[PDB]
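Look below for two forms of one protein chain, each set out as structure tokens: first structure 1, then structure 2.
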Structure 1
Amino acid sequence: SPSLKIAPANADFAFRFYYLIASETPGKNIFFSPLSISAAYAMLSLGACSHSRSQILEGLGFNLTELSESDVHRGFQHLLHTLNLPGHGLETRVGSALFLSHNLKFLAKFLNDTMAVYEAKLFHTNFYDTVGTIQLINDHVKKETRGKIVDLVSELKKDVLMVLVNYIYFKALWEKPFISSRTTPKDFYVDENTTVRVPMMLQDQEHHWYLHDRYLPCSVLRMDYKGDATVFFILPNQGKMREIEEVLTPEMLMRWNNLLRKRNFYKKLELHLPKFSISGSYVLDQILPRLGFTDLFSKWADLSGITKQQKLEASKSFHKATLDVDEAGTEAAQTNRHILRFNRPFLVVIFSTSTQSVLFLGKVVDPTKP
């Protein structure tokens, strides 16, 4: 398979991006889509030339002696094609867009290659009209995510001459949904200092795929969507968040996935899981240098495949993604001796089974925060 060749690299980047955001901002909500970030910078590398192209692909976790550049783009084409398939009420549409300054011509080679493989959306704007470009960029991302991601870019300089945005429209239905009449406000303990009131869903009729980890200090719940998608909710033991984050590798995800396919762990459960929405918005041009993209955001960057007329330094890149846990899914005679209350911080890993890739990755510290 082409898409199976790029999956190890993309998984590596996901948890590398997580560990950085978790380290630099410890007590805060995290939520992003490694795949939309990977796909967009893989798309952007079609415009980079010689050395600066290698640094992008190597930053994304690819081994350029193992894989060719052709293997990466064919990998992403077969990955995106699989995720765009009709689905069982399941939508995972990865997308990206570049807004280049007017008075800079896109090269035809770039326009063709980006659109033919990644279906990227390329635009001209006048960055001196700062209120205009922000309106133009945000409405495009709003239109493409169908309202779900709004106000992506809050501010921009006038010297800026290119902005990259990446997003993912996500709609999914639970295999086993919750009944909304049984959902009531209950306590959520963010830490030993403070407590918050959140709507808490309840389900004690179904069996679930869940385990209590022998080796690590956490419980892992696996809740399927309808279609080829799944959510891993990892609930660490009290005070042991950063201990689980310390070991949150791609090898660890595949351990929990393989363990939760065994019928041994398919047992009855009184599940209490909150009904909430969090968002994570990330200024990628400031974050990605620390993951080994220092060349792309500098004077020595070579993006002459995008345009020859000017040097393309001082370029911004933004990404936003929202987690929606609802009774249905994302949109708005049973006795249990086993329970799981998600009433303190937990990790979230939305995982595509058809493409073996992490669609979303994040942490829920306070579910109420606007």
Structure 2
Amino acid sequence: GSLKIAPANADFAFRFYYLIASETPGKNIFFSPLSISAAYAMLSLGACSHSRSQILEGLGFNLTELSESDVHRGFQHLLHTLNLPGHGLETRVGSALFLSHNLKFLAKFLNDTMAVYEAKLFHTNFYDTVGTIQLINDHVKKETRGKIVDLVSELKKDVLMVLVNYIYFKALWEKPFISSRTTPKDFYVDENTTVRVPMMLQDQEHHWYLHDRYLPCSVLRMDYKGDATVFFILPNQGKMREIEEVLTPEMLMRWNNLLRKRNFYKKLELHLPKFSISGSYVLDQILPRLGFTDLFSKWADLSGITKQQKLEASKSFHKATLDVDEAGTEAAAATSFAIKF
């Protein structure tokens, strides 16, 4: 099972969303919570004492209910499952450590990251800032089939390690759209702002959807070929904030369970845009407000990575992209975490 870690991961997902949505309202948002969670859980293998438990608590783990071993083995199983072959669904998740050519890293840390997160180890010269940025960014770009470019946008000269992970997702719709029916249509951004978008249309299929009687929204769940689904949640005009206030793991499960009853499987005329959005986040600036003050402070104990220098957190980035069209969805993301001395 990776079911033991599912509650914490979902809690983190919705906490992160809520912070972004409330701090930058009226803006496109897109991220991979799984990528962030897995990056930071991997990092925690190198943290000691209070710093280790605080990273896991920030990620939503209840360390009275779960052992550290339950968390890490949960991720190992989660990542293994995602990486297994599928017919009309590609999911790949991977990790890497870019290690200073000079420094002696603790074998336990390196061994644990390889055993649990299947981390690939690369050696690089962090004095060569330009070359190291290119090496890391090219690796992420390649692993994301070109979607995540320039993940690491800054790198200090005193960095000795950069942790990265990535997720790549490409999945066909069970119920695809016929591209000859896609035509430009109006999209009402707000009361005064209207843009044109290619609008896909299907009207012959049954779909899983509801008009919520407790909340001002409708919810569509579309299945992919393979073990994935997407919820498209459509607040009534002007009611986005009201839905965001209640967007929790419990609400997602409510909607999911309502959409397991065949009375919510009905013929639907569905207009859905063909579109792309992306997100780009500076996690070292955001995560202190989601429980990670210790990690980003002068007090962080990262002495599980090396005994050779006193280490501290440097920059941490997250970028993600979403591409929706008539055949399916492509989504990619990556997370970096740099450590300096």
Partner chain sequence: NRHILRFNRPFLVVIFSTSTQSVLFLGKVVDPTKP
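Start at 1 and count along the sequence of structure 1; that gives the residue numbers used here. Note that the rigid core is defined as the largest set of C-alphas that superpose within 1.5 Å between two forms.
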| Which of these two chains, shown alone, is the form solved in complex with its partner chain? | 2
| field | 2 Å-or-more CA mover between structures 1 and 2, where superposition uses the core and the choices are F106, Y169, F265, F297 | value | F106
| said: With both forms fitted on the core, check whether the Cα of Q310 differs by 2 Å or more between structures 1 and 2. | reply: yes
| said: Superposing on the rigid core, is the Cα displacement of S219 between structures 1 and 2 2 Å or more? | reply: no
| request: Return yes or no for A97: a CA shift of at least 2 Å between structures 1 and 2, with the rigid core superposed? | output: yes
| query | Taking the rigid core as the frame of reference, how far in Å is the Cα of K186 displaced between structures 1 and 2? | reply | 0.4
| task | Report, in Å with one decimal, the C-alpha displacement of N126 between structures 1 and 2 after core superposition. | result | 4.4
| Inter-form CA displacement between structures 1 and 2 at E155 - rigid core frame, Å | 3.5
